[PDB]
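Visitor: Below you'll find the structure I mean.
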Amino acid sequence: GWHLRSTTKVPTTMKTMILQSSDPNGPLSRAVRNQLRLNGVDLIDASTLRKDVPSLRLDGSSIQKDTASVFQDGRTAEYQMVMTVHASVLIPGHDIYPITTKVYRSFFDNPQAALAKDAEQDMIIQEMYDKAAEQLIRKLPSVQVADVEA
Amino acid sequence: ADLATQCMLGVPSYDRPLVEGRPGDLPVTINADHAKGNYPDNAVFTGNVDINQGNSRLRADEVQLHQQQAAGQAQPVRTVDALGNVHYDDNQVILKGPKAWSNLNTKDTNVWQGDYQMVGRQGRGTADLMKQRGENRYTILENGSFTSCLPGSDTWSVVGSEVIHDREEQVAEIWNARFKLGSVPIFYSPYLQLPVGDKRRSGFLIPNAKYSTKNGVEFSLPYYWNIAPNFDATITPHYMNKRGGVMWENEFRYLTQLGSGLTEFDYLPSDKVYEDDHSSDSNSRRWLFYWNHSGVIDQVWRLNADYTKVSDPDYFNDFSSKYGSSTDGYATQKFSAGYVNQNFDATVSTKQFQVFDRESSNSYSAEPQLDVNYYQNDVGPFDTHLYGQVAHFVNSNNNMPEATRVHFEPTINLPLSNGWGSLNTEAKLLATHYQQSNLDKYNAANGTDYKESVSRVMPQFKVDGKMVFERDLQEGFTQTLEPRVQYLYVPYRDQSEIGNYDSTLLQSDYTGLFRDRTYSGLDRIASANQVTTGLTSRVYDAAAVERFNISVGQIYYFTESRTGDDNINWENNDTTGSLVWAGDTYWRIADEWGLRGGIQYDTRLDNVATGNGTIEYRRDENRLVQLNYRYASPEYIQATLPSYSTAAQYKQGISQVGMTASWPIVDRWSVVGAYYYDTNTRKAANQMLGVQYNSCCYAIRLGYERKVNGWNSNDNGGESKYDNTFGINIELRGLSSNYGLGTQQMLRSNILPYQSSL
Ligand SMILES: CCCCCCCCOCCOCCOCCOCCO
Ligand SMILES: CCCCCCCCOCCOCCOCCOCCO
């Protein structure tokens with residue numbers, strides 16, 4: 001019988017936010033703005049007044065695919081993928097706040113049906129983007145509580 | 001540390017006011033004890049003579065000013081001579097010499113038999129003639145000896161008859177150059193170039209040495225050619241002993257508005273080892289063509305390219321590069337071009353492969369492959385999506401059947417949210433058409449019944465929902481609980497008349513449990529009738545930062561997932577019940593340290609499918625340690641990968657522990673270690689030991705790498721082939737600087753690289 005609504009209610013200061021990125025048509029950007037749409041956040045362009053409204057700038061993403069393990073013949077057993085995403089919260093008059101997130105997954109490799117393993121891989125990537133966006137949203141209250149007087 | 005500061009200790013700091021411009025028109029202040037003769041003609045100062053002019057600070061024992069006519073037009077030939085004990089100093093370089101001369105109009109200064117030392121930056125030496133000509137731009141040195149490392153030990157020095165240091169062009173040209181490692185010379189050249197700047201190199205040529213077990217003594221001397229400030233080429237003669245010949249490696253980086261890209265082309269004319277191993281033909285040439293490209297035109301156009309082609313399937317096994325390794329089982333040849341806007345995106349691509357095997361390369365290829373997505377996020381309370389695909393599949397072997405697939409998939413979604421949780425109802429349709437050909441030949445061999453005109457229509461009903469609860473903890477910490485459930489239903493369709501082109505089994509991550517797909521691609525779709533239940537408990541601190549998290553999932557089946565061709569080799573015959581289980585976890589503890597875990601278990605295998613766990617002590621930038629572990633049961637390999645379980649090397653599955661050590665012993669030497677060890681066959685699969693010597697002006701690194709490469713046939717069942725590799729690399733640096741270290745660079749180089757798992 002404990003109190004509900006947690007992870008800090010998405011800051012009413014940032015109930016309406018502007019999304020900035022180098023590539024707004026990229027997978028990361030679209031996953032982010034969709035994840036924002038999911039949490040009931042209003043997205044407005046930077047063509048208005050923009051005085052009290054903060055913004056979310058996407059620095060850049062980077063996916064790393066290395067060999068996690070191998071068999072007894074030296075060939076790859078499974079690949080481990082690491083999606084690194086850099087971002088920054090810009091509040092008018094409150095400087096900036098960097099947000100670095102990383103997504104970790106892995107999957108077995110099958111040369112014979114590489115094509116299949118390609119498609120699968122792509123799918124994984126997609127999911128890894130989505131989860132990344134989630135990991136970006138959950139780290140917002142830290143930026144909110146970062147706003148202290150000193 | 002900040003070694004740069006340590007190297008700036010011997011280097012002067014220079015105080016004094018910085019004057020903007022040139023000290024040519026500026027007046028000349030002369031302060032001494034002694035001063036005889038005609039001031040504008042023949043002036044003679046003596047006794048601690050101090051002469052200042054803007055940035056020109058000169059101090060001597062005796063200074064003489066001797067002039068010429070300079071009549072008519074216009075200026076005076078202001079010619080300043082200097083007899084003895086000349087100590088010159090400015091904002092750039094300190095000069096010390098016996099006899100000196102200087103013209104202050106053109107700012108041309110000469111010093112005979114003197115020593116010099118740069119200010120603000122490293123660089124000293126001794127020359128018979130030190131000159132600053134061309135308005136203090138060109139620094140000429142006749143009979144000069146130059147070195148960067150100032151005191152302690154005469155570790156290296158370059159001597160030359162005619163050296164020239166250009167400041168604007170930023171370059172150190174040397175005529176009759178002789179390089180010395182102290183007092184012992186090695187190389188002599190009619191002419192050399194040592195760059196001071198950055199962009200646009202064309203630097204002389206820096207080589208590197210290696211010693212592998214397969215190639216023997218390796219010696220690379222890579223040429224570098226910079227064409228334009230956007231694209232350049234990099235040739236590389238790579239002498240190999242056991243191979244007996246020079247391998248030419250042609251690199252080519254480019255950057256245009258259509259995007260960036262890289263083009264590699266390695267080539268070896270004759271190989272003795274490959275000729276002896278394969279004497280079926282006289283042709284023994286081995287090459288590698290690589291081409292990558294990434295471009296985003298006007299934010300809407302996307303041009304990507306990943307092409308990798310080799311000559312022989314045993315290329316990467318022998319030769320190692322930044323483009324492939326012995327772990328690679330095939331080569332990827334994909335070209336992608338797409339228009340992605342916002343609510344709509346159409347990407348067409350061609351996918352081809354190159355399986356690295358002597359006789360089992362029956363891999364398919366899409367030619368082409370068209371994908372189309374069209375979204376509509378607001379239809380009242382609904383949001384709709386439209387997916388479409390047209391893919392023509394062919395095969396390298398003409399025995400395998402060809403196909404033409406037209407897939408259509410509309411997805412109607414309905415999101416609902418209030419506060420404490422949310423529920424999303426998704427209704428999807430999966431229509432598919434197949435036009436297959438060349439079936440009669442494959443209709444034999446095995447039990448197959450593929451027809452030319454095939455169709456498949458499968459509806460899909462999904463209901464997702466998750467809640468959020470809060471429990472307060474101690475000293476500001478806040479715990480939360482996230483229960484999630486998702487039901488899925490798809491009717492059964494007999495797909496025995498449909499071939500497999502892009503379908504394989506997947507891995508069940510905690511998030512993967514909520515995936516509405518059993519196979520990859522759109523060939524084999526399972527008859528869904530399941531309910532997925534999972535719990536996600538998270539632990540935050542007072543700073544609203546996620547420090548801990550744990551998830552556990554369970555999939556319940558009402559009926560078994562059938563496709564119409566389920567030839568999966570399971571251990572038991574369990575059809576219904578909670579078959580699939582998962583569990584992930586993540587720990588952060590403090591600013592350093594950490595933990596990660598992921599476990600996948602299946603009841604049909606009667607054993608855990610996968611199990612990975614990685615712990616890591618990471619500081620912040622460098623010097624860190626990692627310990628990992630991965631496990632994949634033999635049953636998992638037997639079920640997921642048929643025919644592989646028949647072999648002895650893929651039978652036991654996976655059970656390896658990974659080690660990565662990187663902690664500096666001395667504040668100069670960089671110690672690097674790594675150790676990947678298998679527990680099933682109790683044999684070390686991989687191990688690396690590397691060291692480095694970072695002085696201040698140069699650096700030599702020695703790397704050792706023992707790794708598993710190939711499988712040895714015959715014998716008493718067979719064993720793993722081991723290969724050792726030594727590597728001697730030398731980098732000068734310290735000039736343009738921003739180098740040295742290696743930090744973790746040496747870690748990522750093995751067949752099993754070190755990844756940052758926090
Ligand atoms: C025992 C006292 C120290 C002896 C000399 C101190 C007084 C300094 O007077 C030196 C006079 O010479 C000044 C030369 O002026 C150079 C600049 O003007 C020449 C052209 O503008
Ligand atoms: C990272 C390479 C090692 C560092 C030394 C070389 C300098 C790095 O840049 C060289 C390659 O980058 C190409 C420069 O970008 C193009 C600039 O002009 C394009 C505008 O039209």
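Labels for the structure tokens follow display order: chains A, B, ..., residues from 1 in each chain, ligands from 1.
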Which chain A residues are at most 9 Å from chain B (counting only C-alpha atoms), as a short mmCIF file (atom, residue, chain, number, x, y, z; two decimals) with N, CA and C atoms, in the first residue's frame?
Guide:
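And here is the file that came out, out_21.cif:
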data_model
loop_
_atom_site.label_atom_id
_atom_site.label_comp_id
_atom_site.auth_asym_id
_atom_site.auth_seq_id
_atom_site.Cartn_x
_atom_site.Cartn_y
_atom_site.Cartn_z
N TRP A 2 1.91 1.25 -0.78
CA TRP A 2 2.80 2.41 -0.88
C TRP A 2 2.36 3.36 -1.98
N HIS A 3 2.89 4.58 -1.95
CA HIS A 3 2.53 5.61 -2.92
C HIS A 3 2.96 5.22 -4.33
N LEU A 4 2.11 5.52 -5.31
CA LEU A 4 2.40 5.20 -6.70
C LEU A 4 2.99 6.41 -7.42
N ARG A 5 3.17 6.29 -8.73
CA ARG A 5 3.79 7.32 -9.56
C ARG A 5 5.22 7.62 -9.09
N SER A 6 6.20 7.04 -9.77
CA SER A 6 7.59 7.13 -9.33
C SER A 6 8.55 7.57 -10.43
N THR A 7 9.83 7.27 -10.21
CA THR A 7 10.93 7.66 -11.09
C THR A 7 10.93 9.16 -11.36
N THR A 8 10.35 9.91 -10.42
CA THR A 8 10.11 11.35 -10.54
C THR A 8 9.24 11.66 -11.76
N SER A 22 21.67 16.79 -35.07
CA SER A 22 22.33 16.97 -36.36
C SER A 22 21.56 16.25 -37.45
N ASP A 23 21.05 15.06 -37.12
CA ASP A 23 20.25 14.28 -38.05
C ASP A 23 18.91 13.91 -37.42
N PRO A 24 17.89 14.76 -37.63
CA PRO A 24 16.55 14.57 -37.06
C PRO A 24 15.81 13.39 -37.69
N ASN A 25 16.28 12.95 -38.85
CA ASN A 25 15.65 11.85 -39.56
C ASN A 25 16.30 10.52 -39.21
N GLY A 26 17.34 10.57 -38.39
CA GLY A 26 18.05 9.38 -37.97
C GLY A 26 17.20 8.51 -37.07
N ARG A 30 14.38 9.76 -34.13
CA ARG A 30 12.97 9.38 -34.24
C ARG A 30 12.53 8.53 -33.05
N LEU A 38 5.45 9.31 -26.22
CA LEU A 38 4.87 8.29 -25.35
C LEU A 38 4.66 8.81 -23.93
N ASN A 39 5.60 9.61 -23.44
CA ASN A 39 5.53 10.13 -22.08
C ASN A 39 4.67 11.38 -21.97
N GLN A 64 29.17 -0.29 -31.35
CA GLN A 64 30.41 -1.06 -31.37
C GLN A 64 30.13 -2.56 -31.37
N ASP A 66 31.97 -6.06 -31.39
CA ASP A 66 33.20 -6.83 -31.23
C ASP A 66 32.89 -8.29 -30.90
N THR A 67 33.92 -9.13 -30.97
CA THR A 67 33.76 -10.55 -30.68
C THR A 67 33.71 -10.80 -29.18
N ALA A 68 32.58 -11.31 -28.72
CA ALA A 68 32.39 -11.61 -27.30
C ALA A 68 33.08 -12.92 -26.92
N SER A 69 32.81 -13.96 -27.70
CA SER A 69 33.40 -15.27 -27.45
C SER A 69 33.65 -16.02 -28.75
N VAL A 70 34.39 -17.12 -28.66
CA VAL A 70 34.70 -17.94 -29.82
C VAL A 70 34.56 -19.43 -29.50
N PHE A 71 34.53 -20.26 -30.54
CA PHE A 71 34.45 -21.70 -30.37
C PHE A 71 35.83 -22.29 -30.09
N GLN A 72 36.05 -23.50 -30.58
CA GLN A 72 37.33 -24.18 -30.40
C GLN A 72 38.17 -24.12 -31.67
N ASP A 73 37.60 -23.55 -32.73
CA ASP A 73 38.29 -23.46 -34.01
C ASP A 73 38.74 -22.03 -34.30
N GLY A 74 38.41 -21.11 -33.40
CA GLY A 74 38.84 -19.73 -33.54
C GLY A 74 37.78 -18.82 -34.14
N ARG A 75 36.78 -19.42 -34.78
CA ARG A 75 35.69 -18.65 -35.39
C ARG A 75 34.79 -18.04 -34.32
N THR A 76 34.08 -16.98 -34.69
CA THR A 76 33.22 -16.26 -33.75
C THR A 76 32.03 -17.10 -33.31
N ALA A 77 31.78 -17.11 -32.00
CA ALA A 77 30.60 -17.76 -31.46
C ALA A 77 29.43 -16.78 -31.45
N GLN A 80 28.91 -9.21 -29.51
CA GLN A 80 28.31 -8.34 -28.51
C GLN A 80 28.27 -6.90 -29.01
N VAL A 82 27.42 -2.84 -28.58
CA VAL A 82 27.36 -1.76 -27.60
C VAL A 82 27.04 -0.43 -28.26
N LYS A 102 24.59 3.93 -22.56
CA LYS A 102 25.11 2.80 -23.34
C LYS A 102 24.19 1.59 -23.27
N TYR A 104 23.75 -2.53 -24.10
CA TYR A 104 24.54 -3.74 -24.27
C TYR A 104 23.69 -4.95 -24.64
N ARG A 105 23.97 -5.55 -25.79
CA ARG A 105 23.30 -6.79 -26.17
C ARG A 105 24.28 -7.77 -26.81
N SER A 106 23.79 -8.94 -27.19
CA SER A 106 24.63 -9.95 -27.83
C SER A 106 23.80 -10.98 -28.59
N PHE A 107 24.40 -11.60 -29.60
CA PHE A 107 23.69 -12.60 -30.41
C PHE A 107 24.66 -13.54 -31.12
N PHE A 108 24.24 -14.78 -31.30
CA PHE A 108 25.07 -15.79 -31.95
C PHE A 108 25.15 -15.57 -33.46
N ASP A 109 26.25 -16.01 -34.05
CA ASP A 109 26.48 -15.84 -35.48
C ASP A 109 26.38 -17.15 -36.25
N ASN A 110 25.76 -17.10 -37.42
CA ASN A 110 25.63 -18.26 -38.29
C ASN A 110 25.93 -17.92 -39.74
N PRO A 111 27.17 -18.18 -40.18
CA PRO A 111 27.64 -17.86 -41.53
C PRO A 111 26.72 -18.40 -42.62
N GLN A 112 26.31 -19.66 -42.47
CA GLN A 112 25.48 -20.35 -43.45
C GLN A 112 24.26 -19.53 -43.85
N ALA A 113 23.59 -18.97 -42.85
CA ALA A 113 22.42 -18.14 -43.09
C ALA A 113 22.70 -16.69 -42.71
N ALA A 114 23.86 -16.19 -43.13
CA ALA A 114 24.28 -14.81 -42.85
C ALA A 114 23.17 -13.79 -43.07
N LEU A 115 22.54 -13.88 -44.24
CA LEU A 115 21.44 -13.01 -44.61
C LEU A 115 20.42 -12.91 -43.47
N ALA A 116 19.96 -14.05 -42.98
CA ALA A 116 19.05 -14.09 -41.85
C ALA A 116 19.65 -13.34 -40.66
N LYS A 117 20.84 -13.77 -40.25
CA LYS A 117 21.60 -13.08 -39.21
C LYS A 117 21.81 -11.57 -39.47
N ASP A 118 21.81 -11.16 -40.73
CA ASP A 118 21.84 -9.73 -41.04
C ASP A 118 20.53 -9.07 -40.61
N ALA A 119 19.42 -9.64 -41.08
CA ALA A 119 18.10 -9.07 -40.80
C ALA A 119 17.91 -8.95 -39.30
N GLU A 120 18.08 -10.08 -38.61
CA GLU A 120 18.08 -10.13 -37.16
C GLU A 120 18.91 -9.00 -36.57
N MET A 123 17.28 -5.72 -36.80
CA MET A 123 16.20 -5.68 -35.83
C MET A 123 16.76 -5.32 -34.46
N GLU A 127 15.86 -2.14 -31.83
CA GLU A 127 15.48 -2.26 -30.43
C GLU A 127 16.50 -1.53 -29.56
N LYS A 131 15.44 1.23 -26.71
CA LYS A 131 15.85 1.13 -25.32
C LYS A 131 16.76 2.29 -24.95
N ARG A 138 14.78 8.33 -18.72
CA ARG A 138 14.82 8.02 -17.30
C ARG A 138 15.92 8.79 -16.57
N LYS A 139 16.84 9.38 -17.33
CA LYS A 139 17.95 10.14 -16.74
C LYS A 139 17.68 11.64 -16.75
N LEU A 140 16.42 12.00 -16.99
CA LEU A 140 15.99 13.40 -16.98
C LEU A 140 15.84 14.00 -15.57
N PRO A 141 15.24 13.24 -14.62
CA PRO A 141 15.12 13.80 -13.27
C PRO A 141 16.45 14.16 -12.61
N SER A 142 17.53 13.49 -13.01
CA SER A 142 18.86 13.83 -12.51
C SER A 142 19.25 15.23 -12.96
N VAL A 143 18.93 15.55 -14.21
CA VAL A 143 19.14 16.88 -14.75
C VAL A 143 18.25 17.88 -14.03
N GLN A 144 17.04 17.45 -13.67
CA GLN A 144 16.12 18.32 -12.95
C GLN A 144 16.65 18.67 -11.55
N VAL A 145 17.16 17.67 -10.84
CA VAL A 145 17.66 17.88 -9.48
C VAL A 145 19.06 18.49 -9.49
N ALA A 146 19.69 18.50 -10.66
CA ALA A 146 21.00 19.13 -10.81
C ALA A 146 20.90 20.64 -10.65
#
Visitor: So that I can check the surroundings of region 93-98 of chain A, please list as number ranges by chain every protein, DNA and RNA residue that reaches within 10 Å of it, counting only C-alpha atoms and ignoring chain neighbours fewer than 5 positions away.
Guide: A: 51-52, 54-59, 86-88, 140, 142-144, 146-148
Visitor: Quick one: DSSP alpha helix (DSSP H) residues in region 79-146 of chain A, as a PyMOL selection string?
Guide: chain A and resi 114-137+140-146
Visitor: Output N, CA, C and O atoms for every residue in the selection just made, as a tab-separated table (two decimals), in the first residue's frame.
Guide:
chain	number	residue	atom	x	y	z
A	114	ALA	N	23.86	-16.19	-43.13
A	114	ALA	CA	24.28	-14.81	-42.85
A	114	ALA	C	23.17	-13.79	-43.07
A	114	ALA	O	22.90	-12.96	-42.20
A	115	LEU	N	22.54	-13.88	-44.24
A	115	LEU	CA	21.44	-13.01	-44.61
A	115	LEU	C	20.42	-12.91	-43.47
A	115	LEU	O	20.10	-11.81	-43.03
A	116	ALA	N	19.96	-14.05	-42.98
A	116	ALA	CA	19.05	-14.09	-41.85
A	116	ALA	C	19.65	-13.34	-40.66
A	116	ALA	O	19.06	-12.38	-40.15
A	117	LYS	N	20.84	-13.77	-40.25
A	117	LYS	CA	21.60	-13.08	-39.21
A	117	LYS	C	21.81	-11.57	-39.47
A	117	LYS	O	21.96	-10.80	-38.53
A	118	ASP	N	21.81	-11.16	-40.73
A	118	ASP	CA	21.84	-9.73	-41.04
A	118	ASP	C	20.53	-9.07	-40.61
A	118	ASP	O	20.52	-8.09	-39.86
A	119	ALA	N	19.42	-9.64	-41.08
A	119	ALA	CA	18.10	-9.07	-40.80
A	119	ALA	C	17.91	-8.95	-39.30
A	119	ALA	O	17.66	-7.86	-38.78
A	120	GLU	N	18.08	-10.08	-38.61
A	120	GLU	CA	18.08	-10.13	-37.16
A	120	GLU	C	18.91	-9.00	-36.57
A	120	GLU	O	18.41	-8.23	-35.73
A	121	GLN	N	20.15	-8.88	-37.03
A	121	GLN	CA	21.06	-7.84	-36.54
A	121	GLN	C	20.39	-6.48	-36.63
A	121	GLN	O	20.31	-5.76	-35.62
A	122	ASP	N	19.87	-6.15	-37.81
A	122	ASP	CA	19.19	-4.88	-38.02
A	122	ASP	C	18.10	-4.70	-36.97
A	122	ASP	O	18.05	-3.66	-36.30
A	123	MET	N	17.28	-5.72	-36.80
A	123	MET	CA	16.20	-5.68	-35.83
A	123	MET	C	16.76	-5.32	-34.46
A	123	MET	O	16.28	-4.38	-33.82
A	124	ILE	N	17.81	-6.04	-34.06
A	124	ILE	CA	18.45	-5.79	-32.77
A	124	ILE	C	18.78	-4.31	-32.65
A	124	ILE	O	18.40	-3.66	-31.67
A	125	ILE	N	19.44	-3.78	-33.68
A	125	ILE	CA	19.84	-2.38	-33.71
A	125	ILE	C	18.66	-1.49	-33.38
A	125	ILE	O	18.74	-0.65	-32.48
A	126	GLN	N	17.55	-1.73	-34.08
A	126	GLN	CA	16.34	-0.95	-33.88
A	126	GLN	C	15.97	-0.94	-32.40
A	126	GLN	O	15.83	0.12	-31.79
A	127	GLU	N	15.86	-2.14	-31.83
A	127	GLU	CA	15.48	-2.26	-30.43
A	127	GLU	C	16.50	-1.53	-29.56
A	127	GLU	O	16.12	-0.78	-28.65
A	128	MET	N	17.78	-1.70	-29.89
A	128	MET	CA	18.84	-1.06	-29.11
A	128	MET	C	18.71	0.45	-29.15
A	128	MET	O	19.05	1.13	-28.18
A	129	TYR	N	18.19	0.99	-30.25
A	129	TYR	CA	17.93	2.42	-30.32
A	129	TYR	C	16.79	2.77	-29.37
A	129	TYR	O	16.93	3.68	-28.54
A	130	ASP	N	15.70	2.03	-29.46
A	130	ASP	CA	14.51	2.32	-28.66
A	130	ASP	C	14.85	2.33	-27.18
A	130	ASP	O	14.60	3.32	-26.49
A	131	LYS	N	15.44	1.23	-26.71
A	131	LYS	CA	15.85	1.13	-25.32
A	131	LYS	C	16.76	2.29	-24.95
A	131	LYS	O	16.63	2.87	-23.87
A	132	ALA	N	17.66	2.66	-25.86
A	132	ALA	CA	18.56	3.78	-25.61
A	132	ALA	C	17.75	5.04	-25.32
A	132	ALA	O	18.01	5.73	-24.33
A	133	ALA	N	16.75	5.30	-26.16
A	133	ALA	CA	15.87	6.44	-25.95
A	133	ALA	C	15.24	6.37	-24.57
A	133	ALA	O	15.18	7.37	-23.86
A	134	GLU	N	14.80	5.17	-24.18
A	134	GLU	CA	14.22	4.98	-22.86
A	134	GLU	C	15.24	5.38	-21.80
A	134	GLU	O	14.93	6.14	-20.87
A	135	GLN	N	16.47	4.90	-21.96
A	135	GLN	CA	17.54	5.19	-21.02
A	135	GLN	C	17.86	6.68	-20.98
A	135	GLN	O	18.40	7.19	-20.00
A	136	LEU	N	17.51	7.39	-22.05
A	136	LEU	CA	17.71	8.83	-22.10
A	136	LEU	C	16.62	9.55	-21.31
A	136	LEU	O	16.88	10.59	-20.68
A	137	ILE	N	15.42	9.00	-21.32
A	137	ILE	CA	14.28	9.66	-20.69
A	137	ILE	C	14.34	9.50	-19.17
A	137	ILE	O	14.01	10.42	-18.42
A	140	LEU	N	16.42	12.00	-16.99
A	140	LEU	CA	15.99	13.40	-16.98
A	140	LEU	C	15.84	14.00	-15.57
A	140	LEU	O	16.25	15.14	-15.33
A	141	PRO	N	15.24	13.24	-14.62
A	141	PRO	CA	15.12	13.80	-13.27
A	141	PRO	C	16.45	14.16	-12.61
A	141	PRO	O	16.48	15.02	-11.74
A	142	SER	N	17.53	13.49	-13.01
A	142	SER	CA	18.86	13.83	-12.51
A	142	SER	C	19.25	15.23	-12.96
A	142	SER	O	19.82	16.01	-12.19
A	143	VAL	N	18.93	15.55	-14.21
A	143	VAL	CA	19.14	16.88	-14.75
A	143	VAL	C	18.25	17.88	-14.03
A	143	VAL	O	18.65	19.03	-13.79
A	144	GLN	N	17.04	17.45	-13.67
A	144	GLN	CA	16.12	18.32	-12.95
A	144	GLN	C	16.65	18.67	-11.55
A	144	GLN	O	16.59	19.83	-11.13
A	145	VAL	N	17.16	17.67	-10.84
A	145	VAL	CA	17.66	17.88	-9.48
A	145	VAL	C	19.06	18.49	-9.49
A	145	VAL	O	19.55	18.95	-8.46
A	146	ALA	N	19.69	18.50	-10.66
A	146	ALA	CA	21.00	19.13	-10.81
A	146	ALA	C	20.90	20.64	-10.65
A	146	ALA	O	21.87	21.30	-10.27
Visitor: With only C-alpha atoms and all ligand atoms counted, collect every polymer residue having an atom within 10 Å of ligand 1; state the result as a list in words.
Guide: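 Based on only C-alpha atoms and all ligand atoms, ligand 1 is surrounded within 10 Å by residues 27, 28, 29, 30, 31, 32, 33, 34, 35, 36, 39, 40, 43, 45, 47 and 51 of chain B.
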Visitor: Which residues sit within 12 Å of ligand 2, counting only C-alpha atoms and all ligand atoms, listed as an NGL selection string?
Guide: :B and (195 or 197-203 or 224-233 or 252-262 or 733 or 736-739)
Visitor: Mind dumping the selected residues with C-alpha atoms as a CSV table (one decimal), in the first residue's frame?
Guide:
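Below you can see again-v5.csv, which holds the result:
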chain,number,residue,atom,x,y,z
B,195,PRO,CA,56.8,18.3,-40.1
B,197,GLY,CA,52.4,21.4,-38.0
B,198,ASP,CA,49.3,19.3,-38.4
B,199,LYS,CA,47.0,19.0,-41.4
B,200,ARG,CA,48.5,18.1,-44.8
B,201,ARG,CA,51.4,15.8,-43.8
B,202,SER,CA,53.4,14.3,-46.6
B,203,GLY,CA,55.8,13.5,-43.7
B,224,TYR,CA,51.5,8.6,-47.3
B,225,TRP,CA,50.1,10.9,-50.0
B,226,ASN,CA,47.8,13.9,-49.1
B,227,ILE,CA,46.0,15.1,-52.2
B,228,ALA,CA,43.5,17.6,-50.8
B,229,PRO,CA,42.1,18.7,-47.4
B,230,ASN,CA,39.2,16.2,-47.7
B,231,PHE,CA,40.6,13.1,-49.4
B,232,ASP,CA,44.0,11.3,-49.4
B,233,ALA,CA,45.8,8.0,-50.1
B,252,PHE,CA,42.2,5.9,-49.7
B,253,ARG,CA,40.1,8.1,-47.4
B,254,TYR,CA,37.6,10.5,-48.9
B,255,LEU,CA,35.0,13.1,-47.7
B,256,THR,CA,32.4,14.7,-50.0
B,257,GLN,CA,29.0,16.3,-49.7
B,258,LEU,CA,27.6,12.9,-50.7
B,259,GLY,CA,29.3,11.5,-47.5
B,260,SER,CA,32.5,10.1,-46.1
B,261,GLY,CA,34.2,6.9,-47.1
B,262,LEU,CA,37.2,4.6,-47.2
B,733,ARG,CA,55.6,12.4,-31.9
B,736,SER,CA,52.7,18.2,-33.1
B,737,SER,CA,52.0,16.2,-30.0
B,738,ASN,CA,48.7,15.1,-28.5
B,739,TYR,CA,49.9,11.5,-28.5
Visitor: Would you mind reading off the distance between CA of residue 243 (chain B) and CA of residue 703 (chain B), one decimal, in Å?
Guide: 21.7 Å
Visitor: Could you name the residues that touch residue 305 (chain B) at 9 Å or less, counting only C-alpha atoms, but leaving out those on the same chain fewer than 5 positions away, as an MDAnalysis selection string?
Guide: chainID B and resid 261 291:295 333:337
Visitor: Quick one: pull the distance between CA of residue 552 (chain B) and CA of residue 463 (chain B), Å, one decimal.
Guide: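 CA of residue 552 (chain B) sits 19.6 Å away from CA of residue 463 (chain B).
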Visitor: Based on DSSP run over this structure's backbone, return all residues of chain A in strand (DSSP E), as a count of residues only.
Guide: 52
Visitor: Which polymer residues have any atom within 9 Å of an atom of residue 208 (chain B), counting only C-alpha atoms, with same-chain residues fewer than 4 positions away left out, as a list in words?
Guide: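 The residues satisfying every condition are residues 218, 219, 220, 221, 222, 727, 728, 729, 730 and 731 of chain B.
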Visitor: Would you write out those residues with N, CA, C and O atoms, as a short mmCIF file (atom, residue, chain, number, x, y, z; two decimals), in the first residue's frame?
Guide:
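The file below, result.cif, is the result:
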data_model
loop_
_atom_site.label_atom_id
_atom_site.label_comp_id
_atom_site.auth_asym_id
_atom_site.auth_seq_id
_atom_site.Cartn_x
_atom_site.Cartn_y
_atom_site.Cartn_z
N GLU B 218 57.95 -9.71 -40.63
CA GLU B 218 57.18 -8.72 -41.38
C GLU B 218 57.77 -7.32 -41.23
O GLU B 218 58.18 -6.93 -40.14
N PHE B 219 57.80 -6.58 -42.33
CA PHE B 219 58.37 -5.24 -42.31
C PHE B 219 57.57 -4.29 -43.19
O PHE B 219 57.59 -4.41 -44.42
N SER B 220 56.88 -3.34 -42.57
CA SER B 220 56.02 -2.42 -43.32
C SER B 220 56.61 -1.02 -43.41
O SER B 220 57.10 -0.48 -42.41
N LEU B 221 56.56 -0.43 -44.60
CA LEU B 221 57.05 0.93 -44.81
C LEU B 221 56.03 1.76 -45.59
O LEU B 221 56.22 2.06 -46.77
N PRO B 222 54.93 2.15 -44.92
CA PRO B 222 53.78 2.76 -45.59
C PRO B 222 53.98 4.19 -46.08
O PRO B 222 54.30 5.08 -45.29
N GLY B 727 55.15 -7.80 -32.06
CA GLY B 727 54.99 -6.56 -32.80
C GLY B 727 55.80 -5.41 -32.24
O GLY B 727 55.60 -4.99 -31.10
N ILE B 728 56.72 -4.89 -33.05
CA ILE B 728 57.53 -3.74 -32.68
C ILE B 728 57.10 -2.51 -33.47
O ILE B 728 57.31 -2.43 -34.69
N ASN B 729 56.52 -1.54 -32.77
CA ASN B 729 56.08 -0.31 -33.42
C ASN B 729 56.72 0.92 -32.80
O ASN B 729 56.83 1.02 -31.58
N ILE B 730 57.14 1.86 -33.64
CA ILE B 730 57.82 3.05 -33.15
C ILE B 730 57.15 4.33 -33.64
O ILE B 730 56.99 4.53 -34.84
N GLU B 731 56.76 5.18 -32.70
CA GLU B 731 56.19 6.48 -33.03
C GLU B 731 57.02 7.61 -32.42
O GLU B 731 57.29 7.61 -31.22
#
